[PDB]
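K.L.:
Residue numbers (PDB author numbering), protein chains in the order written: chain A, 12 to 623, 626 to 751; chain J, 1 to 39; chain 3, 61 to 262; chain 7, 29 to 240.
Would you mind keeping the following structure in view while I ask a few things?
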Amino acid sequence: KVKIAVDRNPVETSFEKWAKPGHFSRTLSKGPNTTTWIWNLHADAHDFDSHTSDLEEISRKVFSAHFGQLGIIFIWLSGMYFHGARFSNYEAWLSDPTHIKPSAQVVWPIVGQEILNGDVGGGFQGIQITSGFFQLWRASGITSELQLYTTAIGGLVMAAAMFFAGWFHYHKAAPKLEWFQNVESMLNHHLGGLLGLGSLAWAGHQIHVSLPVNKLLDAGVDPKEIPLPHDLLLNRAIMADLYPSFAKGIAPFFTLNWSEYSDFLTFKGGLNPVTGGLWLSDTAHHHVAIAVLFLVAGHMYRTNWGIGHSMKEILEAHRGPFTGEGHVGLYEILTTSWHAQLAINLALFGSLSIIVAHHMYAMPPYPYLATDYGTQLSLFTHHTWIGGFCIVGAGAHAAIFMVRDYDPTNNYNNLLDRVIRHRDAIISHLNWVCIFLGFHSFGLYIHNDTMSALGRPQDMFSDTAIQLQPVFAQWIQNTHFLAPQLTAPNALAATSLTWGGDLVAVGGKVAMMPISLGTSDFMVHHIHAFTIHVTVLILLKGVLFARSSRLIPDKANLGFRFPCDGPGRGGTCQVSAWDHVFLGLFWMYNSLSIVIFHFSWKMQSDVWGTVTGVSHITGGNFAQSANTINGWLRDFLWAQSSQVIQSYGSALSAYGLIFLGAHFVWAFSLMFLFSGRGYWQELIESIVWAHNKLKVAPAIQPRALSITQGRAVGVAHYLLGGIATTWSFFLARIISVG
Amino acid sequence: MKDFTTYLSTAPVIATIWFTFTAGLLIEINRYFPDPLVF
Amino acid sequence: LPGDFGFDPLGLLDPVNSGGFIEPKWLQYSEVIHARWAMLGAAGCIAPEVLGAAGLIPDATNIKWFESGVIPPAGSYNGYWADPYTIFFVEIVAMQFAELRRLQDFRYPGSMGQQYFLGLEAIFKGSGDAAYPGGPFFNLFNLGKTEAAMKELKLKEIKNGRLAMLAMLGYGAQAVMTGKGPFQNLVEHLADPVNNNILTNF
Amino acid sequence: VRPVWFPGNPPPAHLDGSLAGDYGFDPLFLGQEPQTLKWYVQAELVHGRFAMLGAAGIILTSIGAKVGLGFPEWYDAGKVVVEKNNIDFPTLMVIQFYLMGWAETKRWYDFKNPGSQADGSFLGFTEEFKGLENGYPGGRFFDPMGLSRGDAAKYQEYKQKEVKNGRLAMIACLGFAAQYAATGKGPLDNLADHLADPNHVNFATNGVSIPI
Ligand SMILES: CC1=C(C/C=C(\C)CCC[C@H](C)CCC[C@H](C)CCCC(C)C)C(=O)c2ccccc2C1=O
Ligand code: SF4
């Protein structure tokens, strides 16, 4: 029986514990004697499983935590809109999105940071934002910075509301466990309402606001000349002017004569050529379709009436012969472990964000977005990184669950059980396949460069030399090129030019063209594949042997994170799934760096540039330089390095600055990466002798970090330096050359 | 209230405020007296 | 209790684990509050139009209600002795006082009859029940000294109020669709129950 | 039982009604601490008396302005008088500094040490710098008319009236500041204006205060 179950005034409100460090945990509450006390205090502040054992209270904790998270995000978005409204040239760029660089950040006239307020057009002096807020707002049709002002204001209000919500739901009224567990109710609620309604309301805003105003934009009327949105809502006259279907209002919809509404629900495909954005009619049709889908979807499961479904029942039903108990008890599991749902959602979300970036560069929706090569690249790399990190966090919390909440007594012969059984054969096969992949895919490029230095290019692997043509990908490309003929009769254009076809040009810049695939691209795809397989390997090992191993039959007893079990029996160094996900971070960074390199170079070479033919940025050099790592390094890196290595005296000079600084910090990480906390504490003892020699010892006993903590500090700094170096390089290069 | 005073006498917030004070000192210094080299 | 036909499908009257303002007392309280409000709103919106229809009031009056100026885009009236915001200001402070002291009751019963309030404190003892103070003022005449007729009045109030809420909904919906007076729509659908309907207005 | 600043709710702990103007109003519990509270008492007294000064001088000068006496408008008056005279602004300021510093320092160290300022270490006077109460330095100098030393009841009533008129004077001088900040005119001018048309002379007519 699904209903509302809460507890009134559970938690009080006083700054008392605020004066009490470590109060949340048992041991830390005792106060600091040595320095690691503060570190661990911080480390465990949000480990609510460590805090206590009440599932319900932990649920309430994380609930308020989400509340506050949302509030933070509200704050950030609102401040963005605020600075967009106050310190931007967005209206100038509205008047001309073709020759004004989006800039929203101005600095102060001080010791010399002022030089950076460069010229982005329209007499504006600031920094080019690569975020694309300009094209975003134009697609949404925002015209007056007053609108952004209002927006930021409302965001402030929303954030305040969310934080009060967290406070109330934690201290005034906190729901109850069964209420948190009415899972099918939550699913139906979310699935239907949240998504369907959001999409449908966005479609309505589109239809009644953006499509008219963006239609007039591309019509060419002055921005400050269009009537107001609510005025448009008032006067159906002008709406029928734009599309006469509106003259009939809504009765046709009530007569199922949708055909008439086609004026604004098209199926053109492709971009608006005068704009480079997707066809807004098509966008609204997309979103309304998504809306109807999720709406009808949100009514699947039983909540308080006979109709519906039982997740448990169906999962138990689905069982195969080779599998024993099939999908039984998993209901029990998911109803119980927070980390399970966590890791699930994290992996899914990372994958999503990846797909998001993919389709986004594939078919840019925003006005004149494709022209902003820098914004494209930036958002793409951004979301790719975010997704990968979400993946590894998923692996992390999955292993966390397997350590903590696992119990054999309920899972007797399930998918999980047989997995635990034949894990060794599994991981073995995985090792073998990854080794083969690495060997072949790497040695290809290496043999190429070898024949090169050997003056036998005849014997390389090039699109001219011995070839590896992705016949599959090209065949599929042409397949999509020809699909609308028959497999999509009501289609006008393919969703992407890269299926084949012509080139679209807005302002000389190459907006989009069909892209071919050579043996070079073959090789790079196989590279990516091998790397990802290594990453999944290390993660899978960590999770599969987190609780035990033929080496450590009792590994489950050493907690999730733990330095080692000594140097005994050879040496137990780095034997935690914590260490495993650590290694995974490393290999992942490697993978995604490679992928973004591929993307950037292929874009610059065979896609981007300026139309006249195509003045490709690097003239397609990639096509013949990518087969050899020498060509790679020189023609990509060494070449595009100029922009960053001579950016001084310019507003972009900070790019080279942070370039060198990222170099610095990335090397700084390595001392942690290599050193030894024992040595460190020895130095500590020496220096405390030095201090006490002058009666200047601190009360809190200075202590070298735990092995784990040193590992973490080092890896954080390492990844930071690498990503920042690359980030700076990319930004400077593209701002200079695009 | 006293709880609040104690929370403010906690360490990292004090480090914070002292640093903010010093930094604002020096920034204003450079504002009103730009480009110092000697003396 | 009055107006209870067992009409609680989702079962919002569930007492266990209540709290906040999801709590039967405050709930029905707000119910009757909005119901009385809707009664007043029906009277307000309906009066001037039929009044001008009788011509007993001037034609400068009897503009359609929404054209008052509450939504200036929807149209405003002029001839008001002061500014819209001028009126609105004192209106705010007045209702602030009223609602505040009503709430002070609802949270602390009778607790507005002690601090000196110009002798109007016996008036502000009310009773041990929000939405039903009584007292010398809030019950001028002892109407319902018997509990049977008392609950009769209670049910009548409930039905009338809910119905008036529905009436306000109708007023808003029609005035949005046809953009005319509700009385206008009455005259229309009387001219044609056939040809003057929501089906016609498509 | 005493009329609360907010009827219905109970007063705070450190607020009881012992001092004049106590209506239980410390929604932020700033006076939870006795020392800080007493300090605040003295601070409120001082600031209210200053505001009384401010209002009185302002209203006098404004009358002298509106009626044809050639008195400048207060916010201009300092400049205009320093200009009409041969006085040196920094000299004025520094002498004023000397004086306020000495007297206020005496008051400060009396708050520190309640009675050390009447010891007679000063020239020859004793108990004539002895505070009767916190913020109440009732002596032969700060009460030559000796109101405090007769009818303590009417005296407490006077304390009530003092803090009352003091909060009134504070809000009044803030009001004057606002009137000028809005209209750029004399407060008495704006007064006569609201007299002319209360229906159409107000902040709502200014449109500045309320920005619609
Ligand atoms: C350098 C180093 C140390 C020594 C460095 C340590 C322990 C970190 C010291 C951090 C700070 C500097 C000490 C804390 C300072 C206090 C906050 C005191 C106030 C200081 C003010 C400036 C705020 C290790 O202990 C270690 C352990 C394991 C692997 C690698 C390493 C490692 O590389
Ligand atoms: S402290 Fe380091 S070296 Fe020593 S046993 Fe542990 S992991 Fe190995």
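Beta carbons are placed, not taken as given, at the ideal position from N, Cα and C, and that holds for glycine.
1. For the alpha helix (DSSP H) containing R432 (chain A), name the first residue and the last one.
2. Going by the beta-carbon positions, is the gap between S560 (chain A) and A567 (chain A) smaller than 8 Å?
3. Is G232 (chain 3) helix, strand or coil when you go by DSSP?
4. So, are the CB atoms of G632 (chain A) and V521 (chain A) less than 8 Å apart?
5. Do you know whose CA, among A476 (chain A), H491 (chain A) and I477 (chain A), lies nearest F483 (chain A)'s CA?
6. Using 10 angstroms around the beta-carbon of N199 (chain A), count the other beta-carbons present and answer buried if the total reaches 16, otherwise exposed.
7. Which residues in chain J sit within 7 Å of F26 (chain A), going by Cβ to Cβ distance?
8. Cα separation between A494 (chain A) and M371 (chain A)?
9. Name the chain 3 residues whose beta carbon is nearer than 9 Å to that of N227 (chain 7)?
10. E161 (chain 7) by DSSP, collapsed to three states: which one?
11. Does residue 785 (chain A) come within less than 8 Å of chain J when only Cβ atoms are used?
12. Excluding the 5 residues flanking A56 (chain A) on each side, which residues of the same chain have their C-beta closer than 8 Å to its C-beta?
13. Under 8 Å by Cβ, that's how I've got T334 (chain A) and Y456 (chain A) pegged, so tell me the actual separation to the nearest angstrom.
14. With the cut-off set at 8 Å, would you say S638 (chain A) and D648 (chain A) are in Cβ contact?
15. Do we get a CB-CB distance below 8 Å when we pair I123 (chain 3) with the residues of chain A?
16. Taking only three categories from DSSP, how would you classify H629 (chain A)?
17. Is it buried or exposed for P378 (chain A), if we count other Cβ within 10 angstroms and need 16 for buried?
18. At a Cβ threshold of 8 Å, is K279 (chain A) touching chain 3?
19. Run the CB neighbour count on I86 (chain 7), radius 10 Å, all protein chains shown included, and call it buried at 16 or more, exposed below.
20. Under the criterion of a Cβ to heavy atom distance below 7 Å, does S688 (chain A) qualify as lining ligand 1?
21. In terms of residues, what are the limits of the beta strand (DSSP E) holding residue 625 (chain A)?
22. Assign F21 (chain J) to one of two classes, buried (16 or more other C-beta atoms within 10 Å of its C-beta) or exposed (fewer than that).
23. Excluding five sequence neighbours on each side, which residues of the same chain lie with their C-beta closer than 8 Å to the C-beta of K134 (chain 7)?
24. So which residues of chain 7 does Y176 (chain 3) contact, with C-beta pairs closer than 7 Å?
25. Among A30 (chain A), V13 (chain A), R429 (chain A) and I713 (chain A), which residue has its Cα nearest to the Cα of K2 (chain J)?
26. Between the alpha carbons of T38 (chain A) and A103 (chain A), how many angstroms are there, rounded?
27. Do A373 (chain A) and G529 (chain A) have their C-beta atoms closer together than 8 Å?
28. Taking the CB atoms as reference points, tell me whether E195 (chain A) and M322 (chain A) lie closer together than 8 Å.
29. Confirm, please, whether the CB-CB distance from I563 (chain A) to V586 (chain A) is below 8 Å.
30. Relative to the C-alpha of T623 (chain A), which candidate in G204 (chain A), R415 (chain A), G518 (chain A) and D565 (chain A) has its C-alpha closest?
31. Say yes only if the C-beta of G734 (chain A) is nearer than 7 Å to one or more non-hydrogen atoms of ligand 1, and no if none qualify.
32. Closer than 7 Å, Cβ to any Cβ of chain J: which residues of the segment 29-55 of chain A, in chain order?
33. Which residues bound the alpha helix (DSSP H) around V517 (chain A)?
34. Nearest CA to the CA of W48 (chain A): which residue from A725 (chain A), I713 (chain A) and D565 (chain A)?
35. With a cut-off of 8 Å, do at least 3 Cβ pairs link the segment 84-100 of chain A to the segment 135-151 of chain A?
36. In the DSSP output, what is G79 (chain 3) paired with across the bridge?
P.N.:
A quick look at the data gives this:
1. Element bounds for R432 (chain A): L426 to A464.
2. No, the Cβ-Cβ distance between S560 (chain A) and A567 (chain A) is not below 8 Å.
3. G232 (chain 3): helix per DSSP, three-state reduction.
4. No. Outside cutoff.
5. For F483 (chain A), the closest alpha carbon among the candidates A476 (chain A), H491 (chain A) and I477 (chain A) is that of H491 (chain A).
6. Label assigned to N199 (chain A): buried.
7. For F26 (chain A), the chain J residues whose Cβ falls inside 7 Å of its Cβ are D3, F4 and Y7, in order along the chain.
8. Roughly 21 Å between the two C-alpha positions.
9. Here the neighbours are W141, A142, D143 and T146.
10. Looking at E161 (chain 7) - three-state DSSP - the assignment turns out to be strand.
11. In the structure as shown, chain A begins at 12 and stops at 751. Residue 785 (chain A) is therefore absent and cannot be evaluated.
12. These residues qualify, in order along the chain: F35.
13. About 42 Å separates the two Cβ atoms, so there is no contact after all.
14. In this structure, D648 (chain A) lies closer than 8 Å to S638 (chain A) by Cβ.
15. Output row for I123 (chain 3): interface = no.
16. Under the three-state reduction of DSSP, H629 (chain A) is assigned to strand.
17. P378 (chain A) is buried by the Cβ-count criterion.
18. For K279 (chain A), the nearest beta carbon of chain 3 is not closer than 8 Å to its own beta carbon.
19. Counting Cβ neighbours within 10 Å, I86 (chain 7) comes out buried, since at least 16 surround it.
20. Yes - ligand 1 has a heavy atom lying nearer than 7 Å to the Cβ of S688 (chain A).
21. Inspection of chain A shows residue 623 followed directly by residue 626; residue 625 (chain A) is thus not represented.
22. Exposed.
23. Excluding sequence neighbours, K134 (chain 7) sits near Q145 and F157.
24. The answer, in chain order, is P31.
25. For the options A30 (chain A), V13 (chain A), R429 (chain A) and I713 (chain A), the alpha carbon positioned closest to that of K2 (chain J) is the one of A30 (chain A).
26. Here the C-alpha atom of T38 (chain A) lies approximately 59 Å from the C-alpha atom of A103 (chain A).
27. Taking 8 Å as the Cβ cut-off, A373 (chain A) and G529 (chain A) do not qualify as a contacting pair.
28. Cβ atoms of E195 (chain A) and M322 (chain A): closer than 8 Å.
29. Here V586 (chain A) is near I563 (chain A), since their CB atoms are less than 8 Å apart.
30. Among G204 (chain A), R415 (chain A), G518 (chain A) and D565 (chain A), the Cα nearest to that of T623 (chain A) belongs to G518 (chain A).
31. Not under cutoff, so the answer is no.
32. Among the residues of the segment 29-55 of chain A, those with a Cβ less than 7 Å away from any Cβ of chain J are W29 and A30, in the order of the chain.
33. That residue, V517 (chain A), is in no alpha helix (DSSP H); its beta strand (DSSP E) goes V515 to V517.
34. That would be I713 (chain A), whose Cα lies nearest to the Cα of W48 (chain A).
35. They touch, by the three-pair rule.
36. Answer is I82 (chain 3), bridged to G79 (chain 3).
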